[PDB]
Structures are given as structure tokens and as C-alpha cells.
Amino acid sequence: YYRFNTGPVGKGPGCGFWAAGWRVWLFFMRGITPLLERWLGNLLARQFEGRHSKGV
RNA sequence: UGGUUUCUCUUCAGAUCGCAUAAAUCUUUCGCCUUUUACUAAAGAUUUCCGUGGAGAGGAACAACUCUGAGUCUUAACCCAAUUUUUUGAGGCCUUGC
Ligand SMILES: O=P(O)(O)O[C@H]1[C@H](OP(=O)(O)O)[C@@H](OP(=O)(O)O)[C@H](OP(=O)(O)O)[C@@H](OP(=O)(O)O)[C@H]1OP(=O)(O)O
Ligand SMILES: [Mg+2]
């Protein structure tokens, strides 16, 4: 925004440069994918296999 | 002495790259601090995921070929006659050695 709102261009909304935040949130997904695949796999495996009482 | 786009599989590659950058586990300190998660911010040890490269094999061509550029019997007209070279100052004779 400091580079965007420099001269005659004011301080309205008017700024879609979503590439930076887009990269930031996709690099979040890059690492959250194993964690959520493991967590959702255990969720589905407990729902369809049952809970093991004193197994571990 | 002479010819590649795409799909899959296998294998080997991360001591200067993937000129980009996430998460997790352990162990040790921490930092807050009702306890457990969920966390702070460092060191270390390890892993997973999104990507990548080299080689080989096979498939799908929707590219087109062999007097052709380069020959082991064709094909760069120029390495082809005045003192330094591929055109003789040559010619003649005689003695020595088993
Ligand atoms: O109000 P300020 O503290 O001056 O800052 C605001 C705020 O952004 P910050 O997060 O940097 O404060 C606004 O964001 P909101 O949280 O209010 O949504 C933003 O507007 P948008 O983010 O909605 O675009 C706006 O930007 P601007 O007013 O330039 O359009 C920006 O103002 P400043 O840039 O003047 O700080
Ligand atoms: Mg209790």
C-alpha cells in the first residue's frame, strides 16, 4: 500500500495485488496438507473402525 | 565417417538450490502462565508434503527422409615447371676393404 498509494492515487479500497497473500496462504496449505490428511484419516478410521480402548 | 513432441513405469541424484519456501516428531532450555491441548523463540536431531534434475524401458505421432551434407573404386576448379625445396653443376676417373 505504501508503494501503491504514492501520489495522486488516494487511500480508497482500490488495490488488488493478491499475489503476495495468495503465495503466503498456498505455502500454508503446502504444509497443512500432511497434518490434515493424518488427522482426517484418524477421524475416519475411528469412525469406521471404532475406538481402541486400552490399546496403546 | 549421419535424424524428436507427449504419457506411464523403474532407477540414481541434493556439499552451494527449488534464485522459492511450509508443516510435523523427538530431546534440551525457555517465554507466558489456573491444568491439557493450542502456542511464544532459539539451538540441535530427524521426518512428511508441494516442486525439481540425470539415465533407461515401453506406449501414444498428429514430423519426415536416404546419389544425402561427411565415403574404404564420386564430388572444393588451387599443395602441379626461374636462386630454399616435386625436375640435377653435371660429367669423368682412380685408390683402399673380406
Ligand atoms: O487504519 P490504519 O491503522 O491506518 O490502517 C488501515 C487498516 O490497515 P492496517 O491493518 O494496516 O491498520 C485497514 O485495514 P482494516 O483492518 O481496516 O480492513 C486498511 O484498509 P483495508 O485493509 O480494508 O484495505 C487501510 O488501508 P487504506 O486506508 O490505505 O486503504 C489502512 O490504512 P493506512 O494504509 O492509512 O494505514
Ligand atoms: Mg485433572
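Read-outs throughout are calculated quantities, based only on the coordinates presented, and are distinct from any laboratory measurement.
Over chain A, the reciprocal of the mean inverse Cα-Cα separation, the Kirkwood hydrodynamic radius, stands at 15.6 Å. Hey, what angle do you get for helix A:19-49 against the long axis of chain A, alpha-carbon based, 0 to 90 degrees rounded to 10? On a 0 to 90 degree scale, this one is about 10.
By the helix-only formula, in which each DSSP H run with n ≥ 4 contributes -39500 (n - 2.57) and the sum is divided by residues, chain A has a 222 nm mean residue ellipticity of -20000 deg cm²/dmol.
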